[PDB]
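A.B. asks: Would you mind keeping the following structure in view while I ask a few things?
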Ligand SMILES: [Zn+2]
């Protein structure tokens, strides 16, 4: 059994085959439905796991993603996610295959274009072929994924009080706030996706309220989410894999054998986390 | 169990909201009026929607969540006439009572309240509400009602949800709260429920017991309800075989459509027989395999009635043992077999044939 939405992706013709397929995790159950391959490919992110002490080494764990954006690029190039307000502006959908553009119109509820292209395809030979039933199978899949209640299961729980606020804790980080109001207006599938991705800064428990990083990684953004440090210069995001300058005015660095001397010491990884706001959980 | 002497229950669905007005200052004999008043509630949530100022009659008013202790447990509870006490829709037996006769105002008859002084002030609510489940949605915070006051008035399609920890009794409570207000509403709102429902069907059986408990004193209301699996699957299939202009069409549609022909054909539809056949209990009852619950069915002015098994004279046990018997010269094995062989030859059929004589009851 396999679940990645990008493995559910199909191509209308043998050429333009949807090759370079999903990461094998597509056989897993994760509730991302994106394979990590596609998550890298489309949005410059890679998912990750917080190990939580279950009051113990006992299993408590939470999902995370690092972003893969660089330190120099700005605006749209920093954008992580769009709104329907701008999803076409970000994707340049025409470059994309027709089923991809279709599925984006699904996510952003562009029923107009959806039905337009559906009606155009009806009489095409390849849509008298069961491409219709394929696309509506994808539809049904999403329908199940939101049959789990899009508001009630996702957040409007009867344990309603166990809420995530993604608003910035800092009272001076005032560009946040109504970003949480936007969150309600993003489609619930995406709300759930965020609820996966984003580590809280804090959690209230009946045990205690507790604090996990000093300061927030980014902020909520007014179209879709962006590499959005609350203040100051963008933090150096390194990159792990044309007639331009690439000067790096390095220190001379003659202290050879450094690694053979020090390697036992903790080799601090750098990839940016996703602390944001306050979760609440009963007991 | 029973209600201890000097306690009385008022049931009314209207009591889903607190009927502040009705209560009066209790007094002991000797006119020892008791302005001290305590109320017990399932939750502080209840208290959040209760106004002290309603009760200027009293100078001393306090309210707390009920807790079912151990040590005071008795058929005869502790008494304390020094304060009036009320319990509001209590779930579980009470250990202490107030001044004079105590009274409780509740929507639901628990088993605890079986043999009790009781009043119901019931009235018929005609408008049966409905379920519908396609798999836009009204999302509900599926416990707090007034959160969605006016919402339930305005919209007619609502989602229903719970966190795991809920006690079965709490679930039952909140659900029962819903349906009263729905029957008060002017239109059949459609339930949608995010639960595998099997044990929920079981508590529906419990609702059946409860409603019969009501009926022991009740309105004999035309209350709509149904089995939720054995019915629904088969009904869906039946429509499927039929043309399905409206997959959403109410069962009662089909019901009354069939009803149109009963008297002219004077006989029971297979549909209605499968109903009262494929319920667990109110049926042939696979629980016990009791088709013996044949329907004797009568209509105005008839000299006769329609059984599950043909016409009958009135008020008699389905068939007299004395009879113009299916004498064995007819229905002799031998003749049965001979005719069957004729049949088999004529058909050129190898297998799958069986035969049986007809039989008769009071009437032939
Ligand atoms: Zn994929």
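Chains as they are written, first to last, in the deposited numbering: chain Z, 15 to 255, 265 to 306; chain i, 1 to 135, 162 to 390.
We put the beta carbon where it would ideally sit given N, CA and C, even for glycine.
1) State buried or exposed for residue 59/Z, treating a residue as buried only when at least 16 other CB atoms are found within 10 Å of its CB.
2) By alpha-carbon positions, which one of 365/i, 297/i, 348/i ends up nearest to residue 334/i?
3) With hydrogens ignored, establish whether the beta-carbon of residue 40/Z is closer than 8 Å to any heavy atom of ligand 1.
4) Rounded to whole angstroms, what is the Cα-Cα separation between residue 31/Z and residue 171/i?
5) In the DSSP assignment, find the unbroken alpha helix (DSSP H) run with residue 174/i in it and report its ends.
6) Taking a cut of 9 Å between CB atoms, which residues from the segment 162 to 176 of chain Z lie near chain i?
7) Pairing CB atoms from the segment 110 to 124 of chain Z with CB atoms from the segment 283 to 290 of chain Z, are three or more of them under 8 Å?
8) Any Cβ of chain Z within less than 9 Å of the Cβ of residue 135/i?
9) Is the closest heavy atom of ligand 1 to the C-beta of residue 48/Z under 8 Å?
10) Is the shortest distance between the beta-carbon of residue 21/i and the beta-carbons of chain Z less than 9 Å?
11) What residue does the beta strand (DSSP E) around residue 183/i start on, and which one ends it?
12) Does residue 201/i come within less than 9 Å of chain Z when only Cβ atoms are used?
13) Would you decide whether residue 185/i is buried or exposed? Buried here means 16 or more other CB atoms lie within 10 Å of its CB.
14) Give me the residue from 53/Z, 243/Z, 176/Z, 306/Z with the minimum Cα distance to residue 295/Z.
15) Out of curiosity, what's the CA-to-CA distance linking residue 89/i and residue 42/i?
16) Looking at the C-beta of residue 118/i, does it have a partner C-beta in chain Z at a distance below 9 Å?
17) Closer than 8 Å: is that where the CB of residue 106/Z sits relative to any heavy atom of ligand 1?
18) Please list, in chain order, the chain Z residues whose beta carbon lies closer than 9 Å to that of residue 111/i.
19) Buried or exposed, going by whether 16 or more other CB atoms sit within 10 Å of the CB of residue 215/i?
20) Is it buried or exposed, residue 22/Z, if we count other Cβ atoms within 10 angstroms and call 16 or more buried?
21) Establish whether the CB of residue 158/Z and some CB of chain i are separated by less than 9 Å.
22) Can you find a CB in chain Z that lies within less than 9 Å of the CB of residue 169/i?
23) Strictly under 9 Å for the Cβ-Cβ distance: is residue 250/i near chain Z by that measure?
24) Any beta carbon from chain Z within less than 9 Å of residue 189/i's own beta carbon?
25) Is residue 20/Z near ligand 1, going by C-beta to nearest heavy atom under 8 Å?
26) From the DSSP output, which residues share a beta bridge with residue 336/i?
27) Checking the sheet assignment: what are the DSSP bridge partners for residue 108/Z?
28) Does the structure place the segment 25 to 40 of chain i close enough to the segment 76 to 96 of chain i that three or more beta carbon pairs sit under 8 Å?
29) Counting pairs of Cβ atoms below 8 Å between the segment 93 to 108 of chain Z and the segment 64 to 79 of chain Z, do you hit three or more?
30) Please confirm if residue 166/i has its CB atom under 9 Å from at least one CB of chain Z.
31) Quick one: is residue 163/i near chain Z, going by C-beta distance under 9 Å?
32) List, in chain order, every chain Z residue whose beta-carbon is nearer than 9 Å to that of residue 220/i.
33) Considering only the beta carbon of each residue, do residue 257/i and residue 304/i sit closer than 9 Å?
34) Could you check the C-alpha separation between residue 108/Z and residue 48/Z for me, to the nearest Å?
35) Only counting the same chain, and skipping five residues up and downstream in sequence, which positions put a Cβ closer than 8 Å to that of residue 249/Z?
36) Should residue 208/i be labelled buried (16 or more other beta-carbon atoms within 10 Å of its own) or exposed?
C.D. replies: A quick look at the data gives this:
1) buried
2) 297/i
3) yes
4) 53 Å
5) Residue 174/i -> no alpha helix (DSSP H), and no H or E assigned at all.
6) 162, 163, 164, 165, 166, 167, 170, 171, 172, 173, 174, 176
7) no
8) yes
9) yes
10) no
11) 183 to 186
12) no
13) buried
14) 243/Z
15) 7 Å
16) no
17) no
18) Result: empty, since nearest Cβ-Cβ is about 26 Å, beyond 9 Å.
19) buried
20) buried
21) yes
22) yes
23) no
24) yes
25) yes
26) 333/i
27) Its beta-bridge partners do not exist; DSSP assigns none.
28) yes
29) no
30) yes
31) yes
32) 161, 162, 163, 166, 167
33) yes
34) 21 Å
35) 85, 243, 295
36) buried
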